[PDB]
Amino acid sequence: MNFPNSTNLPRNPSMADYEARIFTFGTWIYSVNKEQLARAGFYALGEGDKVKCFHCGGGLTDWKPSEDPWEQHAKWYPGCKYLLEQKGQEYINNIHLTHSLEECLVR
């Protein structure tokens, strides 16, 4: 799927600005909020609700209403330096602990 970028350098520097990312969405009908997505580092690919992080390059798709941009970012791309910068490690840990412990109660 292409390896995640874990350096301090963004994979897509043209999408480093909040403003730049916001334009990629256009009119956006999806359950998940475009400004929250842009804030969490994501820009739209024009492939349904598929987004990529400007920094790690990590892709996310098929957004349910209960799925948070930042939480998903941490879930699937925990090495992302943008994520670490914006949210910090104690946020990242709680959210991993949370999804792991969720992946117990159902079974």
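Numbers follow the displayed sequence, beginning with 1. Note that the rigid core is defined as the largest set of C-alphas that superpose within 1.5 Å between two forms.
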Relative to this form, superposed by the core, which stretch has the greater CA RMS in 5 other deposited structures of this protein: 27 to 35 or 78 to 86?
27 to 35
Core-superposed comparison in 5 other deposited structures of this protein: bigger Cα RMS shift among 89 to 97 and 13 to 21 is in 89 to 97
Segment of higher mean CA temperature factor, 80 to 88 or 94 to 102:
94 to 102
Selected stretch [higher average CA B-factor]: 49 to 57 or 22 to 30:
22 to 30
Which third of the chain does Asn2 land in by C-alpha B-factor: lowest, middle or highest?
highest
